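Asks: Can you look at this? It's an experimental structure, sequence on top.
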There are 2 protein chains.
Amino acid sequence: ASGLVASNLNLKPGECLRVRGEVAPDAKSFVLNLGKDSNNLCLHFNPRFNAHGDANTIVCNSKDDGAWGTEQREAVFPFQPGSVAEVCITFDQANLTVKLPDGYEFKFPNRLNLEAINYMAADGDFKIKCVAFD
Amino acid sequence: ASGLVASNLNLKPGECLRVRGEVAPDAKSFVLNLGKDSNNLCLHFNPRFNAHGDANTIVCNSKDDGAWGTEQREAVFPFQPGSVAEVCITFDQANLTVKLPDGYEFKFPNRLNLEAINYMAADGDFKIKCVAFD
Ligand SMILES: OC[C@H]1O[C@@H](O)[C@H](O)[C@@H](O)[C@H]1O
Ligand SMILES: OC[C@H]1O[C@@H](O)[C@H](O)[C@@H](O)[C@H]1O
């Protein structure tokens, strides 16, 4: 009952991952994890409506062998409870580029130095409606 | 080398699962599996161009607690190596309905009596590019 989990993605540098989902009507936060596996994440994309002291804050972090890295926070929050939201994530050797619903873009360093993303997992108040790879 | 693997799909009866992927240019066949897990498949969708002694025939079968059931072969074959193909799948407790690229649709008995589909997997000859739930 958690969220969609996909493996063997083999997303190489330069490829874009497009994820469209539904934010729960009473969402507190949702997560989109990308990486090698559940313990090695190049991107922990975590928009928080109201959770852990954050109010409408997008928090991103890396996870190397189970250990969380230094969190990064964005200046915009183009997400609304009970509404469709789409995010596009591009993979590069140095950084991951994330484009939000409203077109805002930001980068998150590829700390684990992954050469390919093979794992994706969604969880929280986000019901995935479609995923596309390129 | 296998294809994409998705779990926690939570596909419910009546929902439409649209899968679009690229058929390898030198594929002798390809597989799209759906079910509870790798050992319990409500649908083993296997178009065969030239494999296992068959030619341009779509072979369907189920796998219950590891055991393969009786195969069913389809009447059409709207597939070709080295091209993009999309299939649309839905189900109820009695049957699964598979719609092909040519708009043709057939039914395959839901032998596992599944009330939800949580697992999907493609092999090395079918590269999934898009997955939708509607
Ligand atoms: O640094 C990332 C982590 O931050 C925590 O506050 C949160 O509870 C975890 O689920 C994870 O998001
Ligand atoms: O009916 C399903 C089965 O068909 C056989 O021909 C094949 O060798 C098995 O691996 C399995 O796919």
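Replies: Looks like it came in fine. Numbers count the residues shown, from 1 in each chain, chains lettered A, B, ... in the order given. Ligands and ions are numbered 1, 2, ... in the order given.

Asks: residues in contact with residue A:130?
Replies: For residue A:130, the contacting residues are A:18-20, B:130-134, by Cβ atoms under 8 Å, 6 or more residues apart in numbering or on different chains. (Each C-beta comes from the backbone N, C-alpha and C, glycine too.)

Asks: 7 Å instead, please
Replies: A:20, B:130-133 (Cβ atoms under 7 Å, 6 or more residues apart in numbering or on different chains).

Asks: For ligand 2, what is the nearest residue in chain A?
Replies: Proximity of chain A to ligand 2 (Cβ to the nearest ligand atom) peaks at residue A:8, 19.3 Å away.

Asks: check whether the one helix or strand that residue maps to contacts chain B.
Replies: Residue A:8 is part of strand A:5-11 when elements are defined by DSSP states H and E. Yes. Counting by Cβ under 7 Å from any Cβ of the partner chain, chain B has neighbours in strand A:5-11: A:5-9.

Asks: Most neighbours of all those, which one?
Replies: Among the residues of strand A:5-11 next to chain B, residue A:6 has the most neighbours (other Cβ atoms under 10 Å in any protein chain shown), with 23 neighbours.

Asks: which bits of chain A sit near ligand 1?
Replies: Contacts of chain A with ligand 1, taken as Cβ under 6 Å from any ligand atom, map to A:44, A:46, A:52, A:61, A:68, A:71.

Asks: List phi and psi for residue A:26.
Replies: Backbone torsions of residue A:26, given as degrees, to the nearest 10, read phi -130, psi 50.

Asks: ok, now which ones touch it?
Replies: When contacts are counted by Cβ under 7 Å, 6+ apart, residue A:26 touches residue A:81.

Asks: Please repeat the previous calculation with a cut-off of 6 Å.
Replies: By Cβ atoms under 6 Å, 6 or more residues apart in numbering or on different chains, the contact list for residue A:26 is empty.

Asks: likewise residue A:131?
Replies: Contact analysis of residue A:131 by Cβ under 6 Å, 6+ apart lists A:19, B:131.

Asks: orientation of the helix or strand containing it relative to strand B:126-133 in degrees?
Replies: Assessed by DSSP H and E, residue A:131 sits inside strand A:126-133. Orientation of strand A:126-133 against strand B:126-133 (axes from the mean of the first three to the mean of the last three Cα atoms, to 10 degrees) gives an angle of 150 degrees.
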